[PDB]
Amino acid sequence: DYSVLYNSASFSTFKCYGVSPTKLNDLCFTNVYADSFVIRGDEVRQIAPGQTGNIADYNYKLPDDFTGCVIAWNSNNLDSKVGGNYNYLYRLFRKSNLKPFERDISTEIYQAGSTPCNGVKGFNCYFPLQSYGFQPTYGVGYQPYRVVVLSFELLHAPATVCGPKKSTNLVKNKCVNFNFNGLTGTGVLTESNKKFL
Amino acid sequence: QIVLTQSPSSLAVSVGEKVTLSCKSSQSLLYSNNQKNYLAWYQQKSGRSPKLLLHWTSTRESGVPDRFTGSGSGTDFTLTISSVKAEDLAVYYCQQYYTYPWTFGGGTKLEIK
Amino acid sequence: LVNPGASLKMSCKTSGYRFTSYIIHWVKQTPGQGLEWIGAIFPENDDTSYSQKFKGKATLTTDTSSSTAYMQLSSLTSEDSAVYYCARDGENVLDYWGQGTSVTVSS
């Protein structure tokens, strides 16, 4: 039920891809992920299926057939303290890219040209793990944004999350047209004594 | 700051004659983790840009004849040329690839007898 | 033509190849002497690498939009005059070691 999370007027960026926000409320889903991460302000535009740079190709990679939504709101107190918060690291350069939906917690030194880098730093070897400059005294583009990306997938397994949107109310005793879950017909509706299992 | 010593000063080679030139490094240019020797061989024809002939001393450059073959073990590095031609004559140099600072210890003119 | 103590800037652009290299190189060779390495440059964070012999006389600046490496030479001397060659470094060589420009130093 994503209808109550759209008109709340509490998110700075509530966009989707492929599936419309007003259509995924009455549609089943096999499994929904929860990719939560805190980035800067200029990196929000790079979180899109089909982008490149130094963040989407080295940290979080989005699939080409991504049919989900991107939830992002403004914040400066739940992830940035006074004096500068340098607790969120990120990878800037690496020897290879990252496939979509893949995590990496290793720590290696990037190799630029010669001087193979394996446990030794200095010349031709730089530390890729930097740090964001989340400070409340900076501008607007340097403000942190807690982006929560939701992934939608469909497999052959029966989906446990399901349910259509609200419909017209009930009437009884009158001759009426009716439609129950797509069962279109005409008749009189009443209570019944019937002992349905 | 490992200086590299390359000898001899001059190489006299006839056409179609195999020749061997050796460059010696003060410290071994083999990285312990990969167990691979690091060195580069360069050709320096007059009025020409410096050009890499052999890399790592194990891999030939693309579009390079098999006549130029180099084998280096530890400190000693050796480059062997065969079927030498007038176009081939050039200054030959050994460049350390193991660690900064880079040192060009290359140094061998090639002449035709 | 640069007088002793003048500042000289040299720029070279790779032709046929678009970036795709993690190092750039500068070499000074005087005629009748072997090539000597000067400095190495990195495309992202500046390498700022200088040889001990050339340290304090050479400055390295790279601009991505320009696509050409920049080398600044200071305190030029008669010994300093030599042919300097723009070069690079990827896996091995890929038409990256470019040609050289002759330098003459006199009042």
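Just so you know, the numbers here start at 1 and follow the chain as drawn.
Quick check of the header: electron microscopy, 3.3 Å.
A Cβ is built for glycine as well, from the same backbone N, Cα and C atoms used for every other residue.
Take the CB of A:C69 (disulfide bond) and look out to 10 A: across all protein chains shown you find 22 other CB atoms. According to Swiss-Prot, the disulfide bond annotation covers A:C16-A:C69 (among others), on the basis of experimental evidence.
The disulfide bond annotation in Swiss-Prot covers A:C28-A:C162 (among others), and the record cites experimental evidence as its basis. When Cβ atoms from all protein chains are considered, those within 10 Å of A:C162 (disulfide bond) total 10, not counting its own.
The region 'Immunodominant HLA epitope recognized by the CD8+' annotation in Swiss-Prot covers A:85-93.
Proximity of A:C125 (disulfide bond) to non-local residues of its own chain (separation of 6 or more, Cβ distance below 8 Å) is seen for A:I109, A:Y110, A:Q111, A:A112, A:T115, A:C117, given in sequence order. Summarising the annotation, Swiss-Prot assigns disulfide bond to A:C117-A:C125 (among others).
Proximity of distant same-chain residues to the region 'Disordered' (A:156-178), defined by a Cβ-Cβ separation under 8 Å and at least 6 residues beyond the stretch ends, is recorded for 1, 3, 25-26, 28-30, 32, 184-191. Look at Swiss-Prot and you will find A:156-178 tagged as region 'Disordered', backed by a curator's inference.
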- Message: I'd like the Cβ neighbour count for A:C28 (disulfide bond), meaning other Cβ atoms within 10 Å of its Cβ, all protein chains included.
- Response: 13
- Task: May I ask you to report the DSSP-based helix, strand or coil state of A:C125 (disulfide bond)?
- Result: strand
- Message: DSSP-wise, what's the residue breakdown of the region 'Disordered' (A:156-178) into helix, strand and coil?
- Response: 0 helix, 5 strand, 18 coil
